[PDB]
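The next block holds one structure in the form of structure tokens; read it before the comments.
Residue numbers (this note's numbering): 68 to 123.
Set out below in structure tokens:
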């Protein structure tokens with residue numbers, strides 16, 4: 068069983084996961100809502116500070 072087993076579990080380890088990506092939900096909604104009626108400023112929403120929110 069010596070050579071069939073691996074030692075320490077570090078030989079079967081890993082530390083970098085394939086954590087696909089983050090894509091923003093505002094982007095996903097803007098894709099669905101936008102041509103000339105989804106002008107991308109009709110589409111957007113205002114903010115409490117007083118800006119246009121595309122980045123979450």
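Each residue gets a CB set at the ideal place from its N, CA and C atoms; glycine is no exception.
- Ranked by Cα distance from residue 96, the first of 116, 114, 110, 117 is 110.
- For residue 81, there are no CB contacts under 6 Å within the same chain when 5 residues up- and downstream are skipped.
- A direct Cα-to-Cα measurement between residue 121 and residue 87 gives close to 21 Å.
- Spatial neighbours of residue 79 in its own chain (CB-CB distance under 8 Å, excluding positions within 5 residues in sequence) are listed in chain order as 73.
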